[PDB]
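**Student:**
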Amino acid sequence: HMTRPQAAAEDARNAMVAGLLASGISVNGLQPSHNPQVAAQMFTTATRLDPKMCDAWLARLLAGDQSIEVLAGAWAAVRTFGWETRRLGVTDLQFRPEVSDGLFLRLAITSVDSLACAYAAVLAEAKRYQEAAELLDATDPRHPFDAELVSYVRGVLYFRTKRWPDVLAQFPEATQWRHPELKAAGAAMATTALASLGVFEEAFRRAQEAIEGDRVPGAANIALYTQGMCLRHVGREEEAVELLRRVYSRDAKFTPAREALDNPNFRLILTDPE
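Just so you know, we're using this note's numbering here: the sequence shown kicks off at 1121 and counts up by one.
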């Protein structure tokens, strides 16, 4: 006579396995498939039957659902962070859930502290800045690798509330980051902050860190666009046009570049996420 908790727990583990399989992840020597909607349903089933299984919430992120309910479900279950993937032998090599910060990057959830960062990023995308900041405040990793993500998402928070000096404090020039992408996107936000403050020459220079290596193309676009505005500001119109066409060609949906090409008087620093 299996108890109800035991039946729920076993069913949740099997739903987890099925979701992973439907995500192209082989488990226990079973053949995977590619059924994204089934994967999401399976992971949702797992969280309904065992809401204490943190990795099932994380799996719903992998499957595309980064709503606040999912992030908050994962955070409530954080005690079992990693238990079920470890039980299955599943690693970051196969299973790397991420959340978009809504501006430049997908942030990988690899630890309790990076889950907190991702949750704060999602909070801040919903304009719940107070809760985001509290969550970052209460995080304080002892190891510098995860603290870089805290600094970055605090910068995103400052960027989203147009606090330009605070943005600059989060992303100082000539600073080594263990995460190259955090540095690149941070530089795009610093470039935007500097341009907004009218410090055009420094904006131009900071932009290069967002451009180098095309590591984060969306950061590079913002940076190249902002360099075009700087060039336009000092009357170097032909060079401005080169960079603006470069960006429009890189990303035809980058409407401000088209606007600036259509209107040589257009002079907008892009502060809106959009």
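We put the CB at the ideal spot given by N, CA and C, even for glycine.
(1) As a quick exercise: from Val-1158, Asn-1148, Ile-1331, pick the residue whose alpha carbon is nearest that of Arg-1370.
(2) Can you give the beta carbon distance from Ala-1241 to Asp-1260, rounded, assuming they're within the 8 Å contact cut?
(3) Rounded to whole angstroms, how far is the Cβ of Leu-1364 from the Cβ of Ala-1377, which I believe are closer than 8 Å?
(4) State the start and end residues of the unbroken alpha helix (DSSP H) segment that holds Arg-1216.
(5) Going by alpha carbons, who is nearest to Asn-1134 out of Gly-1193, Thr-1200, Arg-1207?
(6) If I follow the unbroken alpha helix (DSSP H) through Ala-1240, where does it start and stop?
(7) With distance defined between alpha-carbon atoms, name the residue in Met-1309, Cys-1350, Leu-1178, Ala-1194 nearest to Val-1319.
(8) Would you kindly check if the distance between the Cβ of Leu-1223 and the Cβ of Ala-1236 is under 7 Å?
(9) Would you identify the three-state DSSP class for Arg-1274, choosing helix, strand or coil?
(10) If we count Cβ pairs, one from each stretch, closer than 8 Å, do we get three or more for the stretch 1195-1203 versus the stretch 1122-1138?
(11) Quick check: what's the CA-CA separation for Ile-1342 versus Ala-1315?
(12) Could you compute how far the alpha carbon of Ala-1252 sits from the alpha carbon of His-1121?
(13) Could you compute how far the alpha carbon of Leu-1169 sits from the alpha carbon of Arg-1248?
(14) In the DSSP assignment, find the unbroken beta strand (DSSP E) run with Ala-1228 in it and report its ends.
**Tutor:** Reading from the atomic positions:
(1) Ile-1331
(2) That belief does not hold up - the Cβ atoms of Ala-1241 and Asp-1260 are roughly 17 Å apart, past 8 Å.
(3) 5 Å
(4) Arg-1216 -> no alpha helix (DSSP H), and no H or E assigned at all.
(5) Closest option to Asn-1134, Cα to Cα, is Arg-1207.
(6) Here the alpha helix (DSSP H) through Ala-1240 covers 1232-1245.
(7) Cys-1350
(8) no
(9) helix
(10) no
(11) Rounded to whole angstroms, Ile-1342 to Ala-1315 spans 11 Å at the Cα level.
(12) 45 Å
(13) 29 Å
(14) 1226-1228
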